[PDB]
Amino acid sequence: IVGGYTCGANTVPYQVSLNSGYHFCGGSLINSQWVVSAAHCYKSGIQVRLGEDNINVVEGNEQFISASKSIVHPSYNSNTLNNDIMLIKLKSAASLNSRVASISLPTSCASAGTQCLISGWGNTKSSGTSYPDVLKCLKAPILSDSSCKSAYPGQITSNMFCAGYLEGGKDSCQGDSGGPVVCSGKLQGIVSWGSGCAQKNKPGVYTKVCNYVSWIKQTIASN
Ligand SMILES: [Ca+2]
Ligand SMILES: [Zn+2]
């Protein structure tokens with residue numbers, strides 16, 4: 001996250017870190033047994049880490065649980081990143097508490113202008129590499145589809161939305177992929193892609209979760 005702040009230990013209780021020997025993507029806990037992340041974060045051998053703040057220090061509130069199965073969206077296209085969402089089932093149910101909580105799925109889609117909270121352990125430099133050990137947060141509004149489509153001609157589909165600042169300076173970045181974009185208490189997006197990080201007129205692009213609620217509900221109930 002570039003231009004964000006330190007969230008605070010466990011202030012984003014639904015945030016997860018996907019680890020395969022090191023942190024490689026974020027995710028969101030939707031209930032005691034399931035996590036939603038991005039399809040492009042798919043890997044074999046994932047361990048989900050909940051109640052994390054510093055990913056390099058075991059501070060006492062973590063739960064490390066291996067995944068039993070991963071389900072990438074049936075129509076995920078890795079070339080365009082359309083339908084970039086994937087579900088991860090935990091081998092054991094997580095113990096929800098103040099530090100580990102699930103986030104609600106939306107009942108409707110959010111409007112442009114709505115302020116959201118984006119979080120993760122990704123790069124914090126636009127021009128440079130600096131990976132933080134503690135969770136960074138960023139408040140950013142959803143942008144109108146017109147400004148999103150003008151920035152990425154012929155690349156935005158109905159399953160994506162842009163959030164951020166066109167002036168640049170604030171944005172999600174690599175290492176943040178798969179993490180949450182929560183607006184008005186609902187999980188509305190998943191960190192998916194962008195053009196570099198925090199560049200002027202290149203906002204981040206997020207998977208539009210409101211379009212997948214029936215798929216999510218049906219899939220977890222049958223697995
Ligand atoms: Ca830790
Ligand atoms: Zn990514």
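Any value given below was found using the heavy atoms of this structure, including those in side chains, with hydrogens, waters and symmetry copies removed. For the single chain, residues carry numbers from 1 onward in sequence order.
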[Y] backbone acceptor or donor facing [X] side chain under 3.5 Å:
X    : Y    : result
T157 : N159 : yes
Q33  : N31  : no
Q15  : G26  : no
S222 : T219 : no
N10  : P13  : no
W121 : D53  : yes
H73  : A39  : no
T114 : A110 : no
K125 : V2   : no
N77  : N82  : no

So, [X] and [Y]: side-chain donor and acceptor under 3.5 Å apart, yes or no?
X    : Y    : answer
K69  : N223 : yes
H40  : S177 : yes
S66  : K91  : no
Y206 : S172 : yes
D84  : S192 : yes
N54  : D133 : no

For residues [X] and [Y], determine if any side-chain heavy atom of one lies less than 4.5 Å from a side-chain heavy atom of the other.
X    : Y    : value
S119 : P180 : yes
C109 : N211 : yes
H23  : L18  : no
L166 : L143 : yes
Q188 : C210 : yes
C183 : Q115 : no
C41  : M86  : yes
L135 : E52  : no

Nearest heavy-atom pair of [X] and [Y]: which atoms, and what distance?
X    : Y    : value
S195 : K202 : CB-CD, 3.5 Å
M160 : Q155 : SD-O, 3.6 Å
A67  : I88  : CB-CG2, 3.5 Å
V12  : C137 : CG2-SG, 3.6 Å
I190 : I85  : CD1-CG1, 3.6 Å
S28  : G179 : OG-C, 4.4 Å

About how many Å separate [atom2] of [Y] and [atom1] of [X], when rounded to the nearest 0.5 Å?
X    : Y    : atom1 : atom2 : value
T124 : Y5   : OG1   : OH    : 15.5 Å
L29  : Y14  : CG    : OH    : 11.5 Å
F64  : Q47  : CZ    : CD    : 6.5 Å
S75  : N83  : OG    : CG    : 5.0 Å
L117 : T11  : CG    : OG1   : 8.0 Å
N123 : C173 : CG    : SG    : 4.0 Å

In terms of heavy-atom contacts, does [atom1] of [X] have more than 12 from other residues, nucleotides or ligands at under 6.0 Å?
X    : atom1 : value
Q174 : CD    : no
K43  : NZ    : yes
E167 : CD    : yes

Given side chain to side chain contact (heavy atoms under 4.5 Å, CB included), test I156 with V205 step by step and report yes or no. CA-CA 8 Å; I156 307 301; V205 186; 4.0 Å; yes

Tell me if the centroids of the rings in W193 and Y152 come within less than 6.0 Å of each other.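 For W193 and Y152, the ring centres are under 6.0 Å apart.
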
Linking I/L/V/M/F/W/Y whenever their side-chain heavy atoms sit closer than 4.5 Å, directly or via other members, would [X] and [Y] fall into one cluster?
X    : Y    : result
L90  : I71  : no
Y22  : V48  : yes
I118 : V209 : no
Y212 : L187 : yes
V182 : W34  : yes

Checking side chain to side chain contact (heavy atoms under 4.5 Å, CB included) between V35 and each of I65, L87, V16, which is the one that passes?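 Among the candidates, only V16 passes.
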
For side chain to side chain contact (heavy atoms under 4.5 Å, CB included), just list the numbers for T6 and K136, CA-CA rounded to whole Å, side-chain angles, deciding distance to a tenth of an Å, and then say yes or no. CA-CA 5 Å; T6 301; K136 296 291 185 165; 3.1 Å; yes

With a cut-off of under 6.0 Å to the ring centre and 45° to the axis, is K170 in cation-pi contact with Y165?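 Flagged: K170 positioned over aromatic ring of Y165.
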
So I30 and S102, side chain to side chain contact (heavy atoms under 4.5 Å, CB included) or not? Walk me through it. CA-CA 5 Å; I30 50 171; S102 47; 5.6 Å; no

For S37, enumerate each residue passing the side chain to side chain donor-acceptor pair (under 3.5 Å) test, keeping only those at least two apart in sequence or located in another chain.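 Result, side chain to side chain donor-acceptor pair (under 3.5 Å) vs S37: none returned.
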
Do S144 and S147 pass the side chain to side chain donor-acceptor pair (under 3.5 Å) test, and can you show the C-alpha distance, the side-chain angles, and the key distance before you say yes or no? CA-CA 6 Å; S144 53; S147 56; 3.0 Å; yes

Do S158 and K208 pass the side chain to side chain donor-acceptor pair (under 3.5 Å) test, and can you show the C-alpha distance, the side-chain angles, and the key distance before you say yes or no? CA-CA 8 Å; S158 45; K208 196 176 185 184; over 6 Å; no

